[PDB]
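Peer 1: Here you go, one structure.
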Amino acid sequence: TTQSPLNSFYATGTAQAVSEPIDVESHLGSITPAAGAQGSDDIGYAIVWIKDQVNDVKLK
Amino acid sequence: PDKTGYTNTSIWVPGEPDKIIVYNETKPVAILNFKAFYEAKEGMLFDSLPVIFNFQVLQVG
Ligand SMILES: [Ca+2]
Ligand SMILES: [Ca+2]
Ligand SMILES: [Ca+2]
Ligand SMILES: [Ca+2]
């Protein structure tokens, strides 16, 4: 009568990667010496947000 | 039915008391019970095919 191939069974899921691993927002400052002067000053900072299940980051 | 041991006695299929064959009368009867051991074929779908048994008398006394 009917001979089934016994293959018509399926299960399906989805995957996505919609975000980059890091986000960088800058809060740097300024360097204001006189002409030819020597000095040092703190510039500011830069926030590096870490995204989903990211544990170690290697940057350049 | 006209003897001591067979006063008001019945005969029925083994294990199924509600299917009475003979009741208070002389009727020589034999009951053949069928049991099947089977292996269906892999992936085969079927609906209504028959299973046919034929009986042939060979000798009688
Ligand atoms: Ca200088
Ligand atoms: Ca100086
Ligand atoms: Ca991780
Ligand atoms: Ca004979």
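Each chain in the structure tokens gets a letter, A, B and so on, in the order shown; residues start at 1 in every chain, and ligands are counted from 1 in the order they appear.
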Residues within 9 Å of ligand 3, counting only C-alpha atoms and all ligand atoms: report them as a PyMOL selection string.
Peer 2: chain A and resi 52-56
Peer 1: Give me the residues within 10 Å of stretch 26-40 of chain B as a PDB file with C-alpha atoms, in the first residue's frame, counting only C-alpha atoms and dropping any in the same chain fewer than 4 places off.
Peer 2:
ATOM      1  CA  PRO B   1     -28.639 -32.579  30.596  1.00  0.00           C
ATOM      2  CA  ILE B  11     -19.793 -24.222  27.760  1.00  0.00           C
ATOM      3  CA  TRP B  12     -17.949 -21.008  26.899  1.00  0.00           C
ATOM      4  CA  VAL B  13     -14.744 -19.723  25.302  1.00  0.00           C
ATOM      5  CA  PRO B  14     -11.736 -19.937  27.670  1.00  0.00           C
ATOM      6  CA  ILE B  21     -21.558 -21.694  23.135  1.00  0.00           C
ATOM      7  CA  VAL B  22     -23.810 -24.499  24.433  1.00  0.00           C
ATOM      8  CA  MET B  44       4.851  -0.431   5.461  1.00  0.00           C
ATOM      9  CA  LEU B  45       1.417   1.188   5.848  1.00  0.00           C
TER      10      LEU B  45
END
Peer 1: Given a cut-off of 12 Å, which residues of chain B touch chain A, counting only C-alpha atoms, written out as a list in words?
Peer 2: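 The answer, sorted by residue number, is residues 41, 42, 43, 44, 45, 46, 47, 48 and 49 of chain B.
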Peer 1: Can you list every residue in chain A that DSSP puts in strand (DSSP E), as a PDB file with N, CA, C and O atoms, in the first residue's frame?
Peer 2:
ATOM      1  N   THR A   2       1.390   1.617   1.168  1.00  0.00           N
ATOM      2  CA  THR A   2       2.248   2.785   1.316  1.00  0.00           C
ATOM      3  C   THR A   2       3.517   2.380   2.049  1.00  0.00           C
ATOM      4  O   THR A   2       3.449   1.768   3.120  1.00  0.00           O
ATOM      5  N   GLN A   3       4.667   2.722   1.477  1.00  0.00           N
ATOM      6  CA  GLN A   3       5.968   2.415   2.062  1.00  0.00           C
ATOM      7  C   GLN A   3       6.615   3.727   2.486  1.00  0.00           C
ATOM      8  O   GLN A   3       7.108   4.483   1.644  1.00  0.00           O
ATOM      9  N   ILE A  22      31.976  44.691  21.154  1.00  0.00           N
ATOM     10  CA  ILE A  22      32.257  45.805  22.050  1.00  0.00           C
ATOM     11  C   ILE A  22      31.627  47.084  21.516  1.00  0.00           C
ATOM     12  O   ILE A  22      31.339  47.221  20.325  1.00  0.00           O
ATOM     13  N   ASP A  23      31.412  48.028  22.432  1.00  0.00           N
ATOM     14  CA  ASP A  23      31.039  49.400  22.115  1.00  0.00           C
ATOM     15  C   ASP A  23      32.009  50.344  22.812  1.00  0.00           C
ATOM     16  O   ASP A  23      32.344  50.143  23.982  1.00  0.00           O
ATOM     17  N   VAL A  24      32.457  51.373  22.097  1.00  0.00           N
ATOM     18  CA  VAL A  24      33.447  52.318  22.608  1.00  0.00           C
ATOM     19  C   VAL A  24      32.867  53.724  22.533  1.00  0.00           C
ATOM     20  O   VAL A  24      32.524  54.201  21.445  1.00  0.00           O
ATOM     21  N   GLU A  25      32.782  54.392  23.680  1.00  0.00           N
ATOM     22  CA  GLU A  25      32.380  55.790  23.754  1.00  0.00           C
ATOM     23  C   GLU A  25      33.489  56.584  24.431  1.00  0.00           C
ATOM     24  O   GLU A  25      34.070  56.128  25.422  1.00  0.00           O
ATOM     25  N   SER A  26      33.802  57.753  23.879  1.00  0.00           N
ATOM     26  CA  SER A  26      34.991  58.502  24.256  1.00  0.00           C
ATOM     27  C   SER A  26      34.638  59.718  25.101  1.00  0.00           C
ATOM     28  O   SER A  26      33.640  60.399  24.848  1.00  0.00           O
ATOM     29  N   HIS A  27      35.466  59.982  26.108  1.00  0.00           N
ATOM     30  CA  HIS A  27      35.374  61.164  26.959  1.00  0.00           C
ATOM     31  C   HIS A  27      36.758  61.768  27.166  1.00  0.00           C
ATOM     32  O   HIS A  27      37.163  62.097  28.282  1.00  0.00           O
ATOM     33  N   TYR A  45      39.064  59.367  29.631  1.00  0.00           N
ATOM     34  CA  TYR A  45      38.817  57.935  29.639  1.00  0.00           C
ATOM     35  C   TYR A  45      38.008  57.552  28.407  1.00  0.00           C
ATOM     36  O   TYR A  45      37.538  58.404  27.651  1.00  0.00           O
ATOM     37  N   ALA A  46      37.859  56.243  28.217  1.00  0.00           N
ATOM     38  CA  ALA A  46      37.058  55.685  27.135  1.00  0.00           C
ATOM     39  C   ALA A  46      36.362  54.444  27.662  1.00  0.00           C
ATOM     40  O   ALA A  46      37.023  53.509  28.123  1.00  0.00           O
ATOM     41  N   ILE A  47      35.037  54.436  27.600  1.00  0.00           N
ATOM     42  CA  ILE A  47      34.237  53.339  28.130  1.00  0.00           C
ATOM     43  C   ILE A  47      34.127  52.252  27.071  1.00  0.00           C
ATOM     44  O   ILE A  47      33.818  52.534  25.908  1.00  0.00           O
ATOM     45  N   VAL A  48      34.386  51.009  27.469  1.00  0.00           N
ATOM     46  CA  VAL A  48      34.336  49.859  26.572  1.00  0.00           C
ATOM     47  C   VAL A  48      33.283  48.904  27.121  1.00  0.00           C
ATOM     48  O   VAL A  48      33.568  48.094  28.010  1.00  0.00           O
ATOM     49  N   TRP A  49      32.063  48.994  26.596  1.00  0.00           N
ATOM     50  CA  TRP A  49      31.007  48.077  26.998  1.00  0.00           C
ATOM     51  C   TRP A  49      31.249  46.690  26.414  1.00  0.00           C
ATOM     52  O   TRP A  49      31.702  46.547  25.277  1.00  0.00           O
ATOM     53  N   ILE A  50      30.945  45.665  27.205  1.00  0.00           N
ATOM     54  CA  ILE A  50      31.127  44.271  26.815  1.00  0.00           C
ATOM     55  C   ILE A  50      29.753  43.654  26.599  1.00  0.00           C
ATOM     56  O   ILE A  50      28.848  43.836  27.422  1.00  0.00           O
TER      57      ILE A  50
END
Peer 1: Hey, which residues sit close to ligand 2? Say within 8 Å, counting only C-alpha atoms and all ligand atoms, and write them as a PyMOL selection string.
Peer 2: chain A and resi 37-39
Peer 1: For atom CA of residue A:42 and atom CA of residue A:58, quote the distance in Å rounded to one decimal.
Peer 2: 24.2 Å
Peer 1: Ligand 4: which residues are within 6 Å, counting only C-alpha atoms and all ligand atoms? Reply as a PyMOL selection string.
Peer 2: chain B and resi 59-61
Peer 1: Could you write those residues out with N, CA and C atoms, as a PDB file, in the first residue's frame?
Peer 2:
ATOM      1  N   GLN B  59      -9.956 -37.189   7.507  1.00  0.00           N
ATOM      2  CA  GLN B  59     -10.549 -38.457   7.907  1.00  0.00           C
ATOM      3  C   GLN B  59     -11.559 -38.216   9.019  1.00  0.00           C
ATOM      4  N   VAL B  60     -12.590 -39.059   9.050  1.00  0.00           N
ATOM      5  CA  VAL B  60     -13.681 -38.955  10.011  1.00  0.00           C
ATOM      6  C   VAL B  60     -14.058 -40.354  10.477  1.00  0.00           C
ATOM      7  N   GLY B  61     -14.377 -40.466  11.763  1.00  0.00           N
ATOM      8  CA  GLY B  61     -14.882 -41.706  12.318  1.00  0.00           C
ATOM      9  C   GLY B  61     -15.945 -41.470  13.371  1.00  0.00           C
TER      10      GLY B  61
END
Peer 1: Quick one, how far is atom CA of residue B:23 from atom CA of residue B:57?
Peer 2: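 Atom-to-atom, atom CA of residue B:23 to atom CA of residue B:57, that is 26.9 Å.
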Peer 1: What does the structure give for the distance between atom CA of residue B:4 and atom CA of residue B:17, in Å to one decimal?
Peer 2: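 Atom CA of residue B:17 lies at a distance of 22.4 Å from atom CA of residue B:4.
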Peer 1: Have a look at A:9, A:35, A:60, A:44 and name the one nearest to ligand 1; count only C-alpha atoms and all ligand atoms.
Peer 2: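 Smallest separation from ligand 1 among the options: A:35.
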